[PDB]
Amino acid sequence: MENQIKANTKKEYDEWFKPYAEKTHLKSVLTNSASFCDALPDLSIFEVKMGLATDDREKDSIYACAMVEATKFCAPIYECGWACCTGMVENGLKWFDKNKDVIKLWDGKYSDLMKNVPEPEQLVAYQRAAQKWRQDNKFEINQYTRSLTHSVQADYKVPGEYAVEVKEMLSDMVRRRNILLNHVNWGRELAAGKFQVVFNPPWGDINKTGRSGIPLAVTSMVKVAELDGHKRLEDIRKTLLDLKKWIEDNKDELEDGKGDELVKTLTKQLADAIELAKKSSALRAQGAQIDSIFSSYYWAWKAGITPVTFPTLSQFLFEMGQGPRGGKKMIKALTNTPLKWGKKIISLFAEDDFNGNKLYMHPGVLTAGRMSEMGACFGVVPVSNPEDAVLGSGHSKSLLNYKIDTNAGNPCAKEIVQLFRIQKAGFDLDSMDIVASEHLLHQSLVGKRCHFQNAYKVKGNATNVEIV
């Protein structure tokens, strides 16, 4: 069938949504954007099932079922409709055909990023690409679809009963952060105050470039930040100051134009380095930050989805959330479908043959598991029959739509803990590079009240906050 969410503007989409919302009887008691949630899922049965299981594939199935129950009815319907309306589908997809250059750094090295950790500039490219998308396509239409730019609130309130286990989650996250944290001598010399090294770089000219056309000066400085820690780039600003006072105190011994042109060039290179380093320190710390909707449309586009064929993607991803139908069941279904995009999606999947911590897989690379991203965006309202959404479909990032409000008794944090308990019962977590419930809680900490929010420009440390 065809995409029933016919809308080419926020206006037209609103004109669609008023009768639809009235029909499906939406609710706001326990969730930020109005959802199908009338009551808070009790996931306790799954601890029990879990605690009584033997092989880990049974345990995986159990956890997947609890995730479906937790999120089946809490998805932000209004935003999901809007992410999936006909104008959005048409424009969100063709956006990529217009912007081949804005995405070349990663897209053009996609095959490589299925196997290796990305360079900082590939991450800078992806995050700015995402912003362009949200501007170009007019995506940000309210709070729950906005890019967040606030800073990590020092405070996080949780009910008594849960405030324990939350702090326990906090502890392991802190533990984890530490195990992740814990032409280059040029940079280290420039930082210790030996500015004269800028007169004579070991690689040649100071303006000289390398990979991605970044100046060797800059990559040297980023690499010094990466090893001797962040605060060292500021020793280099103090050093550039000593350089400047040098030239000013001895302008005589320098060629006419040169000297001012040197300090300017260097100053810029420091600014560039700080901005590149900070991307790296963040990736190292907390792993890739996927912009769900932007990557969803990127993957749809690379698979070759069209507005014509989009409703089959929506239906597929909707079915996928009606029980444990991810993993090998999904791959098999995608392998079997007569639709071309099926096998094209599969070939986007990064092999588990990945050179490095999975945390650092570039957020524009697809995996079987990252299909939950396309689910939370495309598989909540099935655009061929919108009104079937009332049945539910469980995708994990839907959980961010749960209210934080101490009013509702922070259901978001309740569900995260419950899921956490279930994960404890079946697994030794120290063995996994990622604990799903910890990643979710981290996103709540950073202030995501909805997964259609881009939170990259949020400044702070989420692992260092106070659980009231």
# chains A, B, ... in the order shown; residues from 1 in each chain; ligands from 1
call {"tool": "residues_around", "arguments": {"residues": "range 431-438 of chain A", "least_positions_apart": "5", "cutoff": "7 Å", "atoms": "only C-alpha atoms", "output": "short mmCIF file (atom, residue, chain, number, x, y, z; two decimals) with C-alpha atoms, in the first residue's frame"}}
result
data_model
loop_
_atom_site.label_atom_id
_atom_site.label_comp_id
_atom_site.auth_asym_id
_atom_site.auth_seq_id
_atom_site.Cartn_x
_atom_site.Cartn_y
_atom_site.Cartn_z
CA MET A 169 24.82 1.83 37.51
CA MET A 173 29.82 3.54 34.16
CA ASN A 357 35.89 -1.59 20.76
CA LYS A 358 32.40 -1.64 19.26
CA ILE A 416 16.04 1.49 33.07
CA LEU A 419 16.04 -3.67 32.50
CA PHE A 420 19.35 -3.37 34.36
#
call {"tool": "closest_atom_pairs", "arguments": {"of": "range 37-119 of chain A", "to": "range 307-323 of chain A", "cutoff": "10 Å", "atoms": "only C-alpha atoms", "output": "tab-separated table"}}
result
residue	atom	partner	partner_atom	distance
A:61	CA	A:323	CA	9.4
A:64	CA	A:323	CA	7.8
A:65	CA	A:323	CA	6.3
A:66	CA	A:323	CA	9.5
A:67	CA	A:323	CA	9.2
A:68	CA	A:323	CA	6.3
A:69	CA	A:323	CA	8.7
A:71	CA	A:321	CA	9.2
A:72	CA	A:321	CA	7.6
A:84	CA	A:314	CA	8.5
A:85	CA	A:307	CA	9.9
A:86	CA	A:307	CA	7.3
A:87	CA	A:307	CA	9.2
A:88	CA	A:307	CA	9.5
A:89	CA	A:307	CA	6.0
A:90	CA	A:307	CA	5.8
A:91	CA	A:307	CA	9.4
A:93	CA	A:307	CA	8.3
A:94	CA	A:307	CA	9.9
call {"tool": "closest_residue", "arguments": {"among": "A:276, A:345, A:450, A:39", "to": "residue 305 in chain A", "atoms": "only C-alpha atoms"}}
result
A:345
call {"tool": "residues_around", "arguments": {"residues": "range 196-213 of chain A", "least_positions_apart": "3", "cutoff": "8 Å", "atoms": "only C-alpha atoms", "output": "list in words"}}
result
residues 121, 183, 186, 189, 190, 216, 217, 243 and 265 of chain A
call {"tool": "write_last_selection", "arguments": {"atoms": "C-alpha atoms", "output": "PDB file, in the first residue's frame"}}
result
ATOM      1  CA  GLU A 121      37.317  14.424  10.993  1.00  0.00           C
ATOM      2  CA  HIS A 183      56.116  14.430  14.151  1.00  0.00           C
ATOM      3  CA  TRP A 186      57.236  18.509  17.718  1.00  0.00           C
ATOM      4  CA  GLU A 189      58.085  20.384  22.449  1.00  0.00           C
ATOM      5  CA  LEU A 190      55.777  23.167  21.381  1.00  0.00           C
ATOM      6  CA  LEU A 216      50.593  18.034  10.037  1.00  0.00           C
ATOM      7  CA  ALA A 217      50.867  20.779  12.667  1.00  0.00           C
ATOM      8  CA  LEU A 243      56.301  33.163  20.608  1.00  0.00           C
ATOM      9  CA  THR A 265      48.734  30.499  11.176  1.00  0.00           C
TER      10      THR A 265
END
call {"tool": "closest_residue", "arguments": {"among": "A:340, A:446, A:288, A:41", "to": "residue 150 in chain A", "atoms": "only C-alpha atoms"}}
result
A:446
call {"tool": "closest_residue", "arguments": {"among": "A:455, A:129, A:303, A:376", "to": "residue 341 in chain A", "atoms": "only C-alpha atoms"}}
result
A:303
call {"tool": "closest_atom_pairs", "arguments": {"of": "range 360-422 of chain A", "to": "range 283-286 of chain A", "cutoff": "10 Å", "atoms": "only C-alpha atoms", "output": "Markdown table"}}
result
| residue | atom | partner | partner_atom | distance |
| --- | --- | --- | --- | --- |
| A:360 | CA | A:283 | CA | 6.6 |
| A:361 | CA | A:283 | CA | 9.6 |
| A:362 | CA | A:283 | CA | 9.5 |
call {"tool": "write_last_selection", "arguments": {"atoms": "N, CA and C atoms", "output": "mmCIF file, in the first residue's frame"}}
result
data_model
loop_
_atom_site.group_PDB
_atom_site.id
_atom_site.type_symbol
_atom_site.label_atom_id
_atom_site.label_comp_id
_atom_site.auth_asym_id
_atom_site.auth_seq_id
_atom_site.Cartn_x
_atom_site.Cartn_y
_atom_site.Cartn_z
ATOM 1 N N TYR A 360 33.202 2.433 19.429
ATOM 2 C CA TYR A 360 33.783 3.444 18.577
ATOM 3 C C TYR A 360 33.474 3.202 17.117
ATOM 4 N N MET A 361 32.605 2.248 16.813
ATOM 5 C CA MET A 361 32.093 2.154 15.450
ATOM 6 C C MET A 361 31.413 3.465 15.026
ATOM 7 N N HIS A 362 31.814 3.984 13.866
ATOM 8 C CA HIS A 362 31.310 5.255 13.386
ATOM 9 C C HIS A 362 29.776 5.222 13.345
#
call {"tool": "select_by_dssp", "arguments": {"residues": "range 58-263 of chain A", "states": "strand (DSSP E or B)", "output": "ChimeraX atom specification"}}
result
/A:116,147,151,155-156,209,215
call {"tool": "residues_around", "arguments": {"residues": "residue 238 in chain A", "least_positions_apart": "5", "cutoff": "12 Å", "atoms": "only C-alpha atoms", "output": "list in words"}}
result
residues 190, 191, 192, 193, 194, 195, 231, 232, 233, 243, 244, 245, 267 and 270 of chain A
call {"tool": "residues_around", "arguments": {"residues": "residue 260 in chain A", "least_positions_apart": "3", "cutoff": "12 Å", "atoms": "only C-alpha atoms", "output": "list in words"}}
result
residues 240, 243, 244, 245, 246, 247, 248, 251, 254, 255, 256, 257, 263, 264, 265, 266 and 267 of chain A
call {"tool": "decode", "arguments": {"residues": "range 93-138 of chain A", "atoms": "N, CA and C atoms", "output": "compact mmCIF listing (two decimals), in the first residue's frame"}}
result
# COMPACT_ATOMS: atom_id res chain seq x y z
N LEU A 93 15.29 11.60 2.09
CA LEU A 93 16.02 10.65 1.27
C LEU A 93 16.79 11.36 0.16
N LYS A 94 16.14 12.26 -0.58
CA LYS A 94 16.84 12.93 -1.69
C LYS A 94 17.92 13.90 -1.19
N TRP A 95 17.80 14.37 0.05
CA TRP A 95 18.84 15.20 0.67
C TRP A 95 20.21 14.65 0.45
N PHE A 96 20.35 13.33 0.55
CA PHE A 96 21.67 12.72 0.42
C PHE A 96 22.21 12.80 -1.00
N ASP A 97 21.33 12.70 -2.00
CA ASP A 97 21.76 12.79 -3.40
C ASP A 97 22.28 14.19 -3.75
N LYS A 98 21.80 15.21 -3.05
CA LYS A 98 22.24 16.60 -3.23
C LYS A 98 23.54 16.88 -2.50
N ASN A 99 23.79 16.15 -1.42
CA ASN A 99 24.86 16.47 -0.48
C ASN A 99 25.94 15.41 -0.43
N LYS A 100 26.28 14.85 -1.58
CA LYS A 100 27.33 13.85 -1.67
C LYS A 100 28.66 14.32 -1.11
N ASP A 101 28.88 15.63 -1.10
CA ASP A 101 30.16 16.19 -0.66
C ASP A 101 30.23 16.38 0.86
N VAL A 102 29.11 16.79 1.45
CA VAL A 102 28.97 16.95 2.91
C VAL A 102 29.14 15.61 3.66
N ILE A 103 28.95 14.49 2.96
CA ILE A 103 29.04 13.18 3.60
C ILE A 103 30.22 12.32 3.11
N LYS A 104 31.00 12.82 2.15
CA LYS A 104 32.06 12.04 1.52
C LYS A 104 33.12 11.45 2.47
N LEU A 105 33.41 12.13 3.57
CA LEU A 105 34.50 11.71 4.44
C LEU A 105 34.25 10.35 5.06
N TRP A 106 32.98 10.04 5.34
CA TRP A 106 32.61 8.74 5.91
C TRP A 106 31.90 7.85 4.90
N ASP A 107 30.91 8.41 4.22
CA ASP A 107 30.15 7.68 3.22
C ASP A 107 31.08 7.05 2.17
N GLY A 108 32.09 7.81 1.76
CA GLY A 108 33.01 7.40 0.72
C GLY A 108 34.05 6.44 1.26
N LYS A 109 34.03 6.26 2.56
CA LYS A 109 34.95 5.33 3.21
C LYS A 109 34.14 4.37 4.06
N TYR A 110 32.93 4.11 3.59
CA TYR A 110 31.99 3.29 4.34
C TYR A 110 32.53 1.90 4.54
N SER A 111 33.01 1.30 3.46
CA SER A 111 33.48 -0.07 3.48
C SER A 111 34.59 -0.23 4.52
N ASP A 112 35.44 0.78 4.63
CA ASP A 112 36.52 0.78 5.61
C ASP A 112 36.00 0.91 7.06
N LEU A 113 34.95 1.70 7.27
CA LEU A 113 34.45 2.00 8.62
C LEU A 113 33.58 0.88 9.17
N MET A 114 33.27 -0.10 8.31
CA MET A 114 32.71 -1.37 8.75
C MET A 114 33.73 -2.21 9.53
N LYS A 115 35.01 -1.85 9.43
CA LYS A 115 36.08 -2.68 9.98
C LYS A 115 37.00 -1.95 10.95
N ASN A 116 37.16 -0.63 10.80
CA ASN A 116 38.07 0.14 11.66
C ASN A 116 37.49 1.43 12.29
N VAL A 117 38.04 1.80 13.44
CA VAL A 117 37.65 3.02 14.15
C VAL A 117 37.86 4.28 13.30
N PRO A 118 36.90 5.22 13.30
CA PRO A 118 37.05 6.35 12.39
C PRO A 118 38.05 7.41 12.86
N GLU A 119 38.51 8.26 11.95
CA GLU A 119 39.35 9.40 12.30
C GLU A 119 38.45 10.51 12.82
N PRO A 120 39.00 11.44 13.60
CA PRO A 120 38.15 12.49 14.16
C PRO A 120 37.36 13.28 13.11
N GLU A 121 37.97 13.56 11.97
CA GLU A 121 37.32 14.42 10.99
C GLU A 121 36.09 13.73 10.37
N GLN A 122 36.10 12.41 10.33
CA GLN A 122 34.93 11.64 9.89
C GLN A 122 33.75 11.79 10.85
N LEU A 123 34.04 11.86 12.14
CA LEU A 123 33.02 12.13 13.15
C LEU A 123 32.53 13.59 13.10
N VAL A 124 33.46 14.54 12.92
CA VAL A 124 33.08 15.95 12.75
C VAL A 124 32.19 16.12 11.51
N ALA A 125 32.53 15.40 10.45
CA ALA A 125 31.75 15.47 9.23
C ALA A 125 30.34 14.94 9.46
N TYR A 126 30.23 13.77 10.08
CA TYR A 126 28.93 13.15 10.34
C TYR A 126 28.02 14.04 11.19
N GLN A 127 28.54 14.63 12.26
CA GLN A 127 27.71 15.45 13.16
C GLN A 127 27.26 16.76 12.55
N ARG A 128 28.07 17.30 11.66
CA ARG A 128 27.71 18.54 11.02
C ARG A 128 26.76 18.25 9.86
N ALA A 129 27.01 17.14 9.16
CA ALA A 129 26.08 16.62 8.15
C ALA A 129 24.67 16.48 8.72
N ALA A 130 24.56 15.86 9.89
CA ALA A 130 23.29 15.69 10.59
C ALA A 130 22.61 17.01 10.86
N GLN A 131 23.38 18.02 11.24
CA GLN A 131 22.78 19.30 11.55
C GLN A 131 22.25 19.90 10.26
N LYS A 132 23.01 19.75 9.18
CA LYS A 132 22.61 20.33 7.90
C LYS A 132 21.27 19.72 7.48
N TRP A 133 21.21 18.39 7.53
CA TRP A 133 19.98 17.64 7.31
C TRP A 133 18.77 18.21 8.07
N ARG A 134 18.92 18.42 9.38
CA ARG A 134 17.83 18.91 10.20
C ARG A 134 17.43 20.36 9.90
N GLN A 135 18.38 21.15 9.42
CA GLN A 135 18.07 22.48 8.92
C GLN A 135 17.44 22.35 7.52
N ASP A 136 18.17 21.77 6.57
CA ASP A 136 17.68 21.65 5.20
C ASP A 136 16.27 21.07 5.12
N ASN A 137 15.98 20.06 5.93
CA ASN A 137 14.70 19.37 5.82
C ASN A 137 13.67 19.87 6.82
N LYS A 138 14.06 20.88 7.59
CA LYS A 138 13.13 21.56 8.48
C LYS A 138 12.58 20.61 9.52
